[PDB]
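Note that ligands are numbered from 1 as they come in the structure, with each ligand's atoms numbered from 1 the same way. No hydrogens, no waters, no symmetry mates; every other heavy atom, side chains included, goes into these values. Below, chain A is the first sequence line, B the second, and so on; all start at residue 1.
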2 protein chains.
Amino acid sequence: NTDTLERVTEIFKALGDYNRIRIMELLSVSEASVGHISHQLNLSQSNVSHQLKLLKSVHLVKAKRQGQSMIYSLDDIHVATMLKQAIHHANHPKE
Amino acid sequence: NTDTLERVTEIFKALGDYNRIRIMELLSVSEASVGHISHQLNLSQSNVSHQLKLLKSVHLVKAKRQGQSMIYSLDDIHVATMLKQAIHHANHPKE
Ligand SMILES: [Zn+2]
Ligand SMILES: [Zn+2]
Ligand SMILES: [Zn+2]
Ligand SMILES: [Zn+2]
Ligand SMILES: [Zn+2]
Ligand SMILES: [Zn+2]
């Protein structure tokens with residue numbers, strides 16, 4: 001319906017960012033904490049936390065506390081498939 | 001690589017629009033011409049053509065001339081899967 005399409009608009013508007021894409025891509029390889037994400041991608045923890053908060057609000061990523069810190073990961077299989085299909089579509093030959 | 005992620009950013013930034021999503025969704029059901037798309041969605045042909053041009057430049061949609069008018073469709077299976085997985089993710093229950 002109408003409301004459903006608005007929600008998907010939300011989802012895509014959240015992926016339309018270079019650094020959020022780098023965060024998603026990294027998460028598609030392995031779940032991780034803010035420090036790890038911040039270290040590997042060279043983004044500050046505060047910026048990383050700010051982006052994850054947005055990504056989480058549209059259900060693109062989820063978080064679970066394990067030990068001391070929160071461990072982030074792609075919400076579910078739909079998100080992973082969606083992302084991986086897009087990455088691949090961007091790389092294969094297109095004449 | 002770096003350039004690949006910029007390209008996927010492009011793709012998602014193009015889907016982050018309510019009307020472009022309505023055009024993609026309609027195309028995911030059936031290929032169609034500008035007039036059909038414009039009629040069904042109540043968007044003018046000029047606006048529809050403008051959006052398709054953008055969608056085409058990032059390889060989200062493709063066009064083929066059949067008869068007199070151009071027939072548009074999702075570029076390939078990756079685009080269709082990507083879109084359908086997202087639509088579904090937006091609708092299923094998420095607690
Ligand atoms: Zn930063
Ligand atoms: Zn499902
Ligand atoms: Zn493809
Ligand atoms: Zn219009
Ligand atoms: Zn393929
Ligand atoms: Zn889902």
Asks: Please say which of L27(A), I11(A), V61(A) ends up in a side chain to side chain contact (heavy atoms under 4.5 Å, CB included) with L55(A).
Replies: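 One option only clears the test, and that one is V61(A).
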Asks: Measuring to the Zn ion (ligand 6), does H89(B) have an N/O/S atom at a distance below 2.8 Å?
Replies: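 Here the distance criterion (N, O or S atom, under 2.8 Å) is met by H89(B), so yes.
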Asks: Can you tell me the N, O or S atom of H78(B) that's nearest the Zn ion (ligand 3)?
Replies: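 When I compare the N, O and S atoms of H78(B), ND1 is nearest to the Zn ion (ligand 3).
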Asks: Where do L74(A) and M24(A) come nearest, in terms of heavy atoms and distance?
Replies: CD1-O, 3.8 Å
Asks: Classify the ring geometry of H78(B) against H88(A): parallel below 30°, tilted from 30° to 60°, perpendicular beyond 60°.
Replies: perpendicular
Asks: Just to confirm my numbers, could you give the angle made at the Zn ion (ligand 6) by NE2 of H92(B) and OD2 of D76(A), rounded to 10°?
Replies: 110°
Asks: Counting the benzene-type ring for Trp, do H89(B) and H59(A) have ring centres under 6.0 Å apart?
Replies: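 Centroid separation for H89(B) and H59(A): 6.0 Å or greater.
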